[PDB]
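Here the deposited numbering is used: position 54 in the sequence shown is 54, and no number is missing along the way. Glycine included, C-beta positions come from ideal geometry on N, C-alpha and C. Below: the structure, in structure tokens.
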Amino acid sequence: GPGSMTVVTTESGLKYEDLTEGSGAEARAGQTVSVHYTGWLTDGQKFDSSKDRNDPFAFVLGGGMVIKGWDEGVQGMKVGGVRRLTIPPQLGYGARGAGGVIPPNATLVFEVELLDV
Numbered sequence: 001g002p003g004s005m006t007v008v009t010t011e012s013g014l015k016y017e018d019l020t021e022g023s024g025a026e027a028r029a030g031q032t033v034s035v036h037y038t039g040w041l042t043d044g045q046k047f048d049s050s051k052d053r054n055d056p057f058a059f060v061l062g063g064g065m066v067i068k069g070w071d072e073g074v075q076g077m078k079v080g081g082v083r084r085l086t087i088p089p090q091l092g093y094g095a096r097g098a099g100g101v102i103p104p105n106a107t108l109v110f111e112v113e114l115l116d117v
């Protein structure tokens with residue numbers, strides 16, 4: 001209403017939006033935690049959903065198997081927290097893209113949800 005639909009952008013260029021506040025503990029650099037990522041196309045079509053495959057992305061805050069948006073969200077989110085990270089095709093898959101599912105010049109959205117720390 002007063003300005004909740006705001007858009008944040010880091011030095012990298014990516015943009016994300018807070019979905020829900022976590023009701024547990026916050027993650028810390030060097031700590032291992034398990035989170036779920038929900039892929040979404042520019043139209044809103046879910047091309048990827050680890051939640052459906054029960055394959056939660058578990059890693060330590062500070063690794064190198066994720067993107068700035070992920071790290072940034074991990075260094076602040078808490079157990080049960082929900083954060084939507086939106087990254088462009090230039091800072092995401094690349095000018096090459098995946099293939100049909102996620103072509104170039106197409107922004108991709110990912111929903112990160114903290115499961116446990």
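Cut-off 7 Å between Cβ atoms - residues of its own chain near residue i, not counting five sequence neighbours on either side
i: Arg28; result: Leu61
Helix, strand or coil at residue i [DSSP, three-state]
i: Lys78; result: strand
i: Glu17; result: strand
i: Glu11; result: coil
i: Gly69; result: helix
i: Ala58; result: strand
Per DSSP, cross-strand counterpart(s) of residue i
i: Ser50; result: Note: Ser50 sits in no beta bridge, so no partner.
i: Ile87; result: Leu108
Nearest-angstrom Cα separation, counted from residue j out to residue i
i: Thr6; j: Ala58; result: 29 Å
i: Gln90; j: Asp55; result: 26 Å
i: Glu17; j: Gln75; result: 15 Å
i: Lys51; j: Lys78; result: 18 Å
i: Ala25; j: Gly44; result: 30 Å
Residue nearest to residue i in terms of C-alpha spacing, selected from the options
i: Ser12; options: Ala106, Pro104, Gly92; result: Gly92
i: residue 121; options: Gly64, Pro104, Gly94, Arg96; result: Lying before the first or after the last residue shown, residue 121 is absent from the chain, which here runs from 1 to 117.
Cut-off 6 Å between Cβ atoms - residues of its own chain near residue i, not counting five sequence neighbours on either side
i: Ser34; result: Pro56, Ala58, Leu115, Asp116
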